[PDB]
């Protein structure tokens, strides 16, 4: 064994050894229980950085832990290679998108292989390859036939800088998710996935996800935004039917989420476009006037027409209001000023009545001043509401529904804030949309036998709109239904399509007859463990659940939910710098290329780019990001310190969910521990070579060696709990450091000492193998001739956890009066102290003090009083 810890020697050799053994290349093996551990795959948008090291080392620790515990572990990696992240990176580096993406993939694969993650590289996928994207084109056509995918014009989110529409989940603070530019509204036709058809299932199935962070589930619940409401019909009065036709002569229909307040409605408000607006305004120019202004600030006019409250018979006047849009669904609303602030305003304004139908506790009701308990929907009971009196919100809701339905005057109605998912993009680098536009047949899907519609890879976008829209060699084609001249769709699919199903593709990435083979889907089931940032909560983590339910309903998979456990690792953060460019954007600058000037107290005041000595903007600590050019490249840390140092630092510096600020001192501290581990094994082997590890009954072992075995097996129990239940890796390392601390203070030079040292060191290197496998593999081979991954996870010897104690009898004047339990090395004075604390001795000494305390070593204490 060499004295110096030399990562450049031992890390390539350990990786070759694992690769040759094919430890990470797995099949559908029914002999071992499956474990599918997945880290969210990266965009080819730059070099990986130490934040990726944290993400992917967490996954590797969990994978290697389960591997040592006898699971069939699939841990796959691949490339989220289509769409805006890869294409924008290519354009920023003046490379064609395809050439950029494939070269960047090769660099990222080199970076990850140097880190020694236990990855099944035979399951590698690149989502920009036709072998991948043909299957999402397939699913698209299947769903398009059923109307679950559809094309429709409408108002959309337009990003003027990325020059594309965006989905609602890609608008962050009114800005595009990659550009940071303010989003505009445009009317552009788009292709949509009808995710609202699955809104109830996507909401309710969140309750299944006991092992997701509550915050992720709450964010998705609020994004879906279910509201249980009530459709309510007010019959039009017999004298207000002039001009109306059809159902609009019969009743006025409204939607409300407070049907518990229906007994308190005092008027209704109607849109300027709703038919009763027109009928009342037909002979009313002062009403056509309001209609014209309309066709915020609440303005309203009475119409003279009246409708009838179905629950109490009240006649209510219909109002035109500018706050009622002809897209409301009904285009008309009821008004309860006593319990809704908006209605309280528009009724205090126009002096419209306010009737109280809710009481919350003993709060007085002032009909002149609004209070926020008027809107309390959780702690209220109904008043002035007939047989609804005394009901709470949920009970009154169901009772109002029964009432309305008994007379056919209403029914429950659910709405959602969720809107359908707009997926088409005016961008080149993405999956082609398998649609052909025929002047005779309409928008027709490309038949399955003609998929994929292949994206040409030799395109350099000119930065002026959709490049495929300028390529008749791509879009001129024949109609698949009639054979006539037609045009391919030139919009492409958004990147989030590929990431919504890649975790199924990993199960059978070479399956050429479908998205995923039935046999492999049945074997791997769902992802047991998913690791990625909380930034994915509203987009990917919602889209992926939706796609899973789609594929299940197509009969491709048999799970309802893609990810069983989710760990959202904290962000590695570091300094950021940029310059404003002449295009109005920001050129981000790596901290390594910056020279800082400081203060008298150490404040960074100015910063310059070393290349030109010209200023840069100090932007402050922020998430390490490829797109902000602030990453620390792990390959450079590996070249200087070794991959194990990079991995150990990221696992030790904080609990995995906590933000982790970059520091060079953290790097050196991790390396010094690895030197300590190396030196500890080297010095042990130097003084006699390896021996058979202690095992079995430990009677006859010295107290110091028993204490070390207690610490050893306590440490195994703790690390096991930390990897397997708590998923906390910093405390596992600290626990092994404490074991080594005790080892250092223990004399292990004797024959039994060396046996215990071997046991300690064999356990330590296995306990740490998931975190720093290179050094642990190498040290194990110097200690022990067997294969580490065949020796398995260390076992807790419960016999080693029993404390060394003795029971001593206490007497008073010779008569035995009790029994005490003392440490095995307790002094004679500890026995005297403990014996005089025995309730038997105290009770039978009768207050008298001891005349003498006879002690027989470790057997008997005799208190003479």
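Numbering follows the first chain given and starts at 1.
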Checklist outcome for this item: Per the entry, how many deposited residues between residue 295 and residue 296 lack coordinates? The answer is 10 or more
Checklist entry - Which wins on mean Cα temperature factor, 669 to 677 or 181 to 189? => result 181 to 189
Checklist entry - With respect to the recorded C-alpha B factors, which stretch has the higher mean value, 239 to 247 or 524 to 532? => result 239 to 247
Checklist entry - Of the options 428, 373, 138, 769, which has the highest CA B factor as deposited? => result 373
Checklist entry - For the listed 34, 47, 64, 819, which has the peak Cα B-factor recorded in the PDB entry? => result 819
Item to check | Position of residue 19 among the chain's modelled residues by C-alpha B-factor, lowest, middle or highest third | outcome: middle
Next on the checklist: Among the modelled residues of this chain, does the Cα B factor of residue 275 put it in the lowest, middle or highest third?
Outcome noted: highest
Next on the checklist: Can you tell me whether residue 13 has a C-alpha B-factor in the lowest, middle or highest third compared with the other modelled residues of the same chain?
Outcome noted: middle
Item to check | Chain-wide C-alpha B factor ranking for residue 782, given as lowest, middle or highest third | outcome: middle
Next on the checklist: Quick check for you: using the entry's CA B-factors within this chain, is residue 596 in the lowest, middle or highest third?
Outcome noted: highest
